[PDB]
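For reference, the structure discussed in these notes is given below.
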Amino acid sequence: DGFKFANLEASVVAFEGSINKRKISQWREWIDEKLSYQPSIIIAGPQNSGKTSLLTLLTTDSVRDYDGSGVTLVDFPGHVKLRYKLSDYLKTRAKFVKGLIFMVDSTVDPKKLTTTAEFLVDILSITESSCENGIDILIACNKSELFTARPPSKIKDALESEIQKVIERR
Amino acid sequence: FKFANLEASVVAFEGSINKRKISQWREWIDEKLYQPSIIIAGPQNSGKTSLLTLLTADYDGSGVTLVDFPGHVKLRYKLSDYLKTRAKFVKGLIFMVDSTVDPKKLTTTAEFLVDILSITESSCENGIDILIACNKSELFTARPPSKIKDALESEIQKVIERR
Numbered sequence: 210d211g212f213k214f215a216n217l218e219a220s221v222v223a224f225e226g227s228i229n230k231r232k233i234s235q236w237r238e239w240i241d242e243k244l036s037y038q039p040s041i042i043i044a045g046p047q048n049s050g051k052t053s054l055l056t057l058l059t060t061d062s063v064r077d078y079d080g081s082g083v084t085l086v087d088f089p090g091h092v093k094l095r096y097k098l099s100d101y102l103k104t105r106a107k108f109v110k111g112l113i114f115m116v117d118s119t120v121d122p123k124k125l126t127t128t129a130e131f132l133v134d135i136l137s138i139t140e141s142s143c144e145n146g147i148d149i150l151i152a153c154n155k156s157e158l159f160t161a162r163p164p165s166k167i168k169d170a171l172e173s174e175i176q177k178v179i180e181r182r
Numbered sequence: 212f213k214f215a216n217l218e219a220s221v222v223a224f225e226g227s228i229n230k231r232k233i234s235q236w237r238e239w240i241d242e243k244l037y038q039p040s041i042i043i044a045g046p047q048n049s050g051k052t053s054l055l056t057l058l059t076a077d078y079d080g081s082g083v084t085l086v087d088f089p090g091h092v093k094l095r096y097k098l099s100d101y102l103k104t105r106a107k108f109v110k111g112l113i114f115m116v117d118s119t120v121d122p123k124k125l126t127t128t129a130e131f132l133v134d135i136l137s138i139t140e141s142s143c144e145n146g147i148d149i150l151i152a153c154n155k156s157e158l159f160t161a162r163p164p165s166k167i168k169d170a171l172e173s174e175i176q177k178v179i180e181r182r
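Protein sequence lines correspond, in order, to chains A and B. In terms of the authors' numbering, the first sequence is residues 210 to 244, 36 to 64, 77 to 182. In terms of the authors' numbering, the second sequence is residues 212 to 244, 37 to 59, 76 to 182.
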């Protein structure tokens with residue numbers, strides 16, 4: 210039978226939150242639990049998925077070397093790597109990468125769902141092959157405050173179904 | 212296709228990472244140089052990491084799809100987005116190339132230059148100024164920077180002619 214989050218190598222949980230209302234306690238719990037190198041998590045999502053807002057909250061609203081592997085383009089003096097591949101970031105930091113967050117919308121329509129499921133396939137195909145056990149995933153179900161919002165478990169269930177169809181369409 | 216017909220300036224200078232004689236690169240860098040930046044461009048084993056060893076504000080999420088925390092390191096960050104975001108603070112780009120070059124190695128180098136140049140030149144009026152850093156100039160197989168530059172120009176035309 211089909212794709213199930215349950216059968217991935219890594220753990221996958223789904224929690225609701227709200228950037229507009231700064232209700233992100235579950236996401237922070239998860240992040241605090243996961244957090036050559038200091039631990040990191042990755043924030044993953046398209047334009048307007050809430051990432052910049054999430055970073056401001058995490059840096060502002062809380063109470064408290078160079079490796080050229082796979083680099084074709086890097087700036088000076090900053091040493092900013094351009095076209096830096098997810099696969100290389102993961103290979104170089106290995107066990108210091110502790111998890112990955114997918115920012116998704118709790119109020120998704122059938123269209124937005126498809127393009128999101130394709131982004132998950134892409135990124136999960138890389139995390140899952142990067143090491144034994146993959147990298148643990150949070151599906152951060154934003155806009156929880158909206159009258160059209162669905163429970164995280166139903167978003168997770170709709171993503172899992174549409175991911176199966178994306179794999180089929182191959 | 213001529214480097215002279217680009218909107219940006221293109222210069223080629225010798226240097227030796229192995230011997231630490233890179234004065235002409237450093238001069239160009241110091242002259243070209037948000038804080039001012041330049042970009043260093045080249046495949047694995049072109050000497051970028053050694054070159055950085057010798058040389059050594077608010078977060079913006081435009082075009083960002085993947086970003087780490089706490090570091091705010093951007094992944095898959097597109098050259099076009101870096102350029103659009105920093106604009107006039109980007110002062111130059113260096114192509115790391117080998118002075119000793121088989122005709123094999125030429126085509127792959129030429130394809131890389133076209134890829135990058137087509138993006139720098141489209142980024143603004145007059146594009147981004149280019150240094151062709153001709154490395155390993157001490158070797159007995161080394162050609163002078165003027166010949167490396169002419170070789171690349173003629174190979175770029177051939178690559179472009181594969182339309």
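Every residue gets a Cβ at the ideal spot worked out from N, C-alpha and C, and that includes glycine.
For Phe-131 of chain A, the uninterrupted alpha helix (DSSP H) segment begins and ends at 122-142.
Under the Cβ criterion (8 Å, minimum of three pairs), the stretch 157-167 of chain A counts as touching the stretch 222-231 of chain A. Taking 8 Å as the threshold, the shortest C-beta distance from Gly-80 of chain A to chain B falls below it. Assigned with DSSP and collapsed to three states, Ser-40 of chain A falls in strand. Residue environment: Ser-234 of chain A is assigned as exposed (fewer than 16 neighbouring CB atoms within 10 Å of its CB, all protein chains considered).
Secondary structure note for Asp-100 of chain B: its alpha helix (DSSP H) is the uninterrupted segment 98-105. Neighbours of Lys-51 of chain B in chain A, taken as residues whose beta carbon is under 8 Å from its own, are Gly-80, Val-83 and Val-86 in chain order. Take the alpha-carbon of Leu-150 of chain A and the one of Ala-223 of chain B: they are about 49 Å apart.
Between the stretch 159-178 of chain B and the stretch 44-51 of chain B there are fewer than three C-beta pairs closer than 8 Å, too few to call the two in contact. The beta carbon of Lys-97 of chain B falls within 8 Å of a beta carbon belonging to chain A, placing the residue at that interface.
Residues of the same chain with a CB within less than 7 Å of the CB of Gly-146 of chain A, apart from the 5 flanking positions on each side, are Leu-217, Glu-218, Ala-219, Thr-139 and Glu-140 in chain order.
With a beta-carbon spacing of about 5 Å, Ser-118 of chain B and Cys-153 of chain B fall inside the 8 Å limit used to define contacts.
No Cβ-Cβ contact shorter than 8 Å links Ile-135 of chain B with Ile-41 of chain B. Fewer than three beta-carbon pairs drawn from the stretch 122-134 of chain A and the stretch 82-94 of chain A are found closer than 8 Å, and the two stretches are therefore not classed as touching. Using a CB distance cut-off of 8 Å, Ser-234 of chain B does not count as an interface residue toward chain A. In chain B, no part has a C-beta under 7 Å from the C-beta of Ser-62 of chain A; the shortest such distance is about 11 Å.
With a cutoff of 8 Å on beta-carbon distance, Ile-43 of chain B and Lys-51 of chain B are scored as near each other. Within the stretch 130-146 of chain B, contact with chain A at the beta-carbon level (separation under 7 Å) is assigned to no residue. Counting along the chain, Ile-151 of chain A sits inside the beta strand (DSSP E) bounded by residues 149-154.
Scanning chain A for C-beta atoms nearer than 8 Å to the C-beta of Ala-44 of chain B yields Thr-84 and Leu-85, reported in chain order. At a cut-off of 8 Å, the C-beta of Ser-227 of chain A has no neighbouring C-beta in chain B. Residue contact check for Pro-89 of chain B against chain A: a CB pair falls below 8 Å. Exposure of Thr-59 of chain B is indicated by the presence of fewer than 16 other C-beta atoms within 10 angstroms of its C-beta.
Chain-order list of chain A residues neighbouring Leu-58 of chain B: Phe-88, by C-beta distance under 7 Å. One thing to note: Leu-132 of chain B has its Cβ no nearer than 8 Å to the Cβ of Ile-179 of chain B. Just so you know, the alpha carbons of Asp-148 of chain B and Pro-89 of chain A end up roughly 17 Å apart.
With distances taken between CA atoms, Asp-77 of chain B lies nearest to B:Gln-38 out of B:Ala-215, B:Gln-38 and B:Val-116.
Close partners of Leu-94 of chain B in chain A (Cβ separation under 8 Å): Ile-42, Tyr-96, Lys-97, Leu-98 and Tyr-101. At least one CB atom of chain A sits nearer than 8 Å to the CB of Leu-55 of chain B.
Take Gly-111 of chain B, set aside five residues on each side of it, and the residues of its chain with a beta-carbon closer than 6 Å to its own are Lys-243, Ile-41 and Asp-148, in chain order. Under the 10 Å beta carbon count, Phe-108 of chain B is surrounded by fewer than 16 other beta carbons and is classified as exposed.
The Cβ neighbour count for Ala-106 of chain B, taken over all protein chains shown within 10 Å, is under 16; the residue is labelled exposed.
Taking 8 Å as the upper bound for CB-CB distance, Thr-104 of chain B and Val-116 of chain B are not in contact here, some 27 Å apart. Beta bridge pairing from DSSP links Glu-225 of chain A with A:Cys-153. The alpha-carbon separation between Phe-214 of chain A and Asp-100 of chain A amounts to approximately 24 Å.
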